[PDB]
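Consider the single chain below, provided in structure tokens and representing the form deposited in one PDB entry.
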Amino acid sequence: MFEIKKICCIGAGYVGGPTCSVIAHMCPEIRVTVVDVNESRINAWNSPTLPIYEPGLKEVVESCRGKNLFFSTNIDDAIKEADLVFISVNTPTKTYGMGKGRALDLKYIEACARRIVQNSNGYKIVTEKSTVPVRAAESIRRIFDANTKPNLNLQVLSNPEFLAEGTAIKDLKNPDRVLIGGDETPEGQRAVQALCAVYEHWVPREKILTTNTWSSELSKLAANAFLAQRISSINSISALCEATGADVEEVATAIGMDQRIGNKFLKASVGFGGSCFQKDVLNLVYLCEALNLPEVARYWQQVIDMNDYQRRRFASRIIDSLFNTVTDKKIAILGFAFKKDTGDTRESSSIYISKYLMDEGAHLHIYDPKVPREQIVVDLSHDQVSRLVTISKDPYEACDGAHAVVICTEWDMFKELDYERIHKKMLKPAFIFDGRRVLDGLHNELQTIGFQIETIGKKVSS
């Protein structure tokens, strides 16, 4: 049975970076070399300030940077020496041509497959670590077979990531499961056991699932679709709660206490964000349309349509409450990241709520404690930003003479604000639109102050 001793990982993003640091930290006898085409990333890993901030990552990196964990821009030498080659390059959504906005672009994987087969001889294991479309490993095998050399035996496996932005180290040291997919051939099983033996240094065998290559690629996309479907389902219930008088937090709790359903991912919101949910669902839909499966495509498309409906419905309540005219009205936008405790604004619901209010000619005063000022201006552009957008340094400056306060990100600080002071300098009637259910428990207090507070999944009183 083959044993893996030297590992190369193409791509030093949030995928291959943290994953390989844990491998070097739990397998001291294995030499792990993380490479990337960006020289600025390599210098950032070798600097006392890492490019990505994960809790407990500094302790893991500095414990191995020098012994068995190395970062370099010399990709050819790392590929030649390694027994296992990770492909951790980003596969962005296509923005052009057939499949624009849904299909994934494989140009960064095509380059690695052609560069791996170039600077390699003998037996090596090629494993796709990034989120790839289904049957993409067939494309990698096709490049290897067409460009075959004497004494070249490249094995192609699938081992997708499942870590979340915030608990990467905890999810890598104690993962729910490790997914490995390979061909159902004696050569493929040897490569699977080789990679499977690497994780057995700190992962039990029960939490290691071995499937075929296609089941591994499909599981990564479907897992994010199942998670996204839970949010859209509870969001669809929130719209029904607002029309029946029910409360979505009460309904989500009653649903969540069923052990077969679970209580995770049942928090209604203005809409899910991030660079993974909509990206993978839209790719899953494109896959079904390409495979003549229109019933399956329109099934999963409802997850996106529901999420778009949730955002547009929330913005319409704000405009309808403001007498269907928001021209030259000051609106405070509290929160711009797609979730709390981060500065990432990729596919954030605050972008769409802002643009919906910008289409009414509103004067938005946006505040977010961690999102940089330049990111807000870029996400709200294609001229229009300079006329309507103002970025406040604190919440109270954004609510100085504002008609309404809109909460789009569940930052904990918004719960502890002095709403007595805010109401004094707000125009009347003063509105609060809680798009994250963070003020649950302050409704009676905020109404006695003078606020008309509306929130997702609760019928408005009077």
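Note that residue numbering begins at 1 and tracks the sequence as displayed.
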How many residues that are in the deposited sequence but not in the model lie between residue 382 and residue 383: none, 1 to 3, 4 to 9, or 10 or more?
-> 4 to 9
Of 233 to 241 and 198 to 206, the stretch whose C-alpha atoms average the higher B-factor in the entry | 198 to 206
Report the stretch with the higher mean CA temperature factor, choosing between 163 to 171 and 100 to 108 on the basis of the entry.
-> 163 to 171
Top residue by Cα temperature factor, when 250, 83, 341, 217 are compared in the entry | 83
Based on the entry's values, in what third of the chain does the Cα temperature factor of residue 412 lie: lowest, middle or highest?
-> middle
Modelled-residue ranking by C-alpha temperature factor, third containing residue 317 | lowest
Is the Cα B-factor recorded for residue 95 in the lowest, middle or highest third of its chain?
-> middle
Residue 438 - which third its CA temperature factor falls in, relative to the rest of the chain | lowest
Select lowest, middle or highest to describe the third in which the CA B-factor of residue 122 falls within its chain in this entry.
-> highest
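The same protein also has a form deposited in another entry, omitted here; what follows describes it.
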Since part of the chain moves as a rigid unit against the rest between this form and the one not shown, which of 279, 75, 250, 189 is at the hinge?
-> 279
